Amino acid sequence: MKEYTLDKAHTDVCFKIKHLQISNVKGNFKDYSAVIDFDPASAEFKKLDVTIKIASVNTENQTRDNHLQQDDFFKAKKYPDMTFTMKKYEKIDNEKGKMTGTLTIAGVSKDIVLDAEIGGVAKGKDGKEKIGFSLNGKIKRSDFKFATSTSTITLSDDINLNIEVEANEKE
């Protein structure tokens, strides 16, 4: 034989190990329209109608937003927009209510509950009305047969919705 001594500068004692990490994908939508009927005297919504153009999805990532439009997700060619239609608003108090409505994603429709939290009915700058309010709720991908190819392991079945609204009076 023969003996050797390491050269520490060009020797590497290395390892690789695979691990999972859970993370939140958080996105908004840049382009959407709404019809808002709300009566500050009773603090009750009367009509809430929302259309969101899928094309406008923004999850802080160019390449994933594209992939969202594809057939294993939104199918944006065939179904260009998702829609919400209020069917019922059930008042809890002047700050809180349970909003039921029809959500449609990729041409499939389920009724959902959103938690309305009225964040302040004012009469703003110019003496015309403003209102803040939030809508919050969880929906299940499985309920809308969304991304059915993607397992509920890889991507959660649960989608948390957070709609934050400021809104001004008509004309």
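The first residue of the shown sequence is 1; numbering continues from there.
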Per the PDB entry, maximal CA B factor within 142, 136, 58, 109 = 58
In terms of the CA temperature factor given in the entry, to which third of its chain does residue 44 belong: lowest, middle or highest?
-> lowest
Relative to the other modelled residues in the chain, which third contains the C-alpha temperature factor of residue 116: lowest, middle or highest?
-> lowest
Which third of the chain holds residue 35 when residues are ordered by C-alpha B factor: lowest, middle or highest?
-> middle
Quick tally, chain-level thirds of C-alpha B-factors: residue 52 sits in the middle
Would you check the entry's CA temperature factor for residue 154 and let me know if it's in the chain's lowest, middle or highest third?
-> middle
